[PDB]
Every structure is written in C-alpha cells, then in structure tokens.
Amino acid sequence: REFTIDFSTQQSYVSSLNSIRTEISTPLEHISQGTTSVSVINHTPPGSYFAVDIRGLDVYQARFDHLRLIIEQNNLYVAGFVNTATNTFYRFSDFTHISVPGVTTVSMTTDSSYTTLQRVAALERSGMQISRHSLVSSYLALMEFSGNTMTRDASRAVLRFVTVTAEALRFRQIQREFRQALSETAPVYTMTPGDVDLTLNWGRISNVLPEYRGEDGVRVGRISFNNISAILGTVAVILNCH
C-alpha cells in the first residue's frame, strides 16, 4: 500500500504517522491509554513493503513532490528511495528481496546500515541537525542522485529522511522532538544521544514490552521507564517478536 507523510504542519505530520501506525500495527492491551498505545507490527509475508510519499516540504506551495520511500513492512527498514520524475528506484544492496513493479530498479553497491551510511555521509547521527531547510536540501540531493553507489550528499539525505519517517514511526519521542522544526518559527531539531540509543535498541525494547503486565517499571539496558506515561511518551511501534 501507499501512505503519505505530510510535513506541511506539526498537525499534518503527526496525523500522517498515526494513520500509518493504525494501518500496520495492533495496540498492546497492557500499554494503552485512550487513543495512544504501544503497537506491534502486524505479521505480513516476507518481502512485503509499503510506499511513503513525501509531501508538504514547502508549506505554501505544491512542489518537491517526487520523492517516495520504500519501507519493508515487517521491520520498518528503508529499502531505498524512488525518484518518481525519472521512475527510478535506488535500492540498497541488502534489500534484493524487495521487488517493486513498474519502476527501473538500480541495485546499489551500498548497504543500508547506519555504520555504512554515517561513514559515506561523514556525518554522525548524535548531534545531527534537521530543520525544514535541511529536508528541502535532502530532497534535492536525492532527486539529483544517479548511479549505483551512494555519495556523501545522498547519504546525508537518507540519514535525515530515515530519522523523520521510520525512526519517528517507531519512537514517539523522536516524533515529538522533530515536529517542533515544522512550526512557523522553524527551530532546529538536534538528534540527541538518547535518541540514538533508542534507535540502536529497538529490538531489545521490542522483546521486553510485550511482557509488560502493569509492573511499576521497565528496564532495558540503560533505558528506564518508570511508569506507563514514560513508555507511551517514548515508544510507539515495536517489532513482532513471536
């Protein structure tokens, strides 16, 4: 299926992510307050993916609308990016099993891992800045990209777009921190060490939270949740650890 993430306003961005969560995941009964829950990704057949259309990068104009992300559904990994103006899917080497019809598929030599992307980007995520400006610049870098080997500018662009799509889908904390950048005052989101820690421990968190049954706290390595409110403010979507 296809979903839009609309960066026009804070409200459109949050609503976009929540629509995706509601369609691809199921709330945990023991970590759910009102309409907010930690949800578990629904099991789909291996190879399943969904498309994300990027919209609203320019608030007042309908432009910058040719970027699509391909996301593996069972784990929210970004398999690559599509230029819909050239009809070209740039696919990371580690996603050979993701087959997208109708597009030209460019099998890149570059793998998707954060270690690889940060090396090619010459950019560390801890301290990485993301503003509306840098998402526009990231968009333009991806639309200008060609060939089968990632460049420094395309890698920086992927690091930023993965943070505000797939990682924000996983972590309400990143969603809430980044969305400030979409307001009219246009502040800068700076990724924190804690943000990075969350993204590198998603599997560990996903293995623990399904066991929660109303205990006073949860401890996963250096991560501590001391009440339900803390969990809900941090984690939105977890893997399905059957």
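In this text, residue numbers run from 1 along the sequence as written.
Tell me which of 48-56 and 26-34 has the higher mean C-alpha B-factor in the deposited entry.
The stretch with the larger mean CA B-factor is 26-34.
Take the C-alpha B-factors listed in the entry for 102-110 and for 167-175, compute each mean, and give the stretch with the larger one.
Result of the comparison: 102-110.
Highest Cα B-factor in the deposition, which of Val196, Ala186, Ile41, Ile205?
Of the candidates given, the C-alpha B-factor peaks at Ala186.
If you compare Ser137, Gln129, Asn148, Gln118, which has the highest Cα B-factor in the entry?
Comparing C-alpha B-factors across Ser137, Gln129, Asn148, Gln118, the maximum falls on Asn148.
Could you say whether, by C-alpha temperature factor, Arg160 belongs to the lowest, middle or highest third of its chain?
Its C-alpha B-factor, which the entry lists for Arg160, ranks in the lowest third among residues of this chain.
Is the Cα B-factor recorded for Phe95 in the lowest, middle or highest third of its chain?
Ranked within chain, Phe95 CA B lands in the highest tercile.
Just say lowest, middle or highest third for the CA B-factor of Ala62 relative to the other modelled residues in its chain.
It belongs to the highest third of the chain when residues are ordered by C-alpha B-factor.
Using the B-factors in the PDB entry, rank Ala236's C-alpha atom against the chain and give the third, lowest, middle or highest.
Ranked within chain, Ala236 CA B lands in the lowest tercile.
Report the third (lowest, middle or highest) to which the CA temperature factor of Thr86 belongs, ranking only the modelled residues of the same chain.
For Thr86, whose C-alpha B-factor we compare with every modelled residue in the chain, the answer is the highest third.
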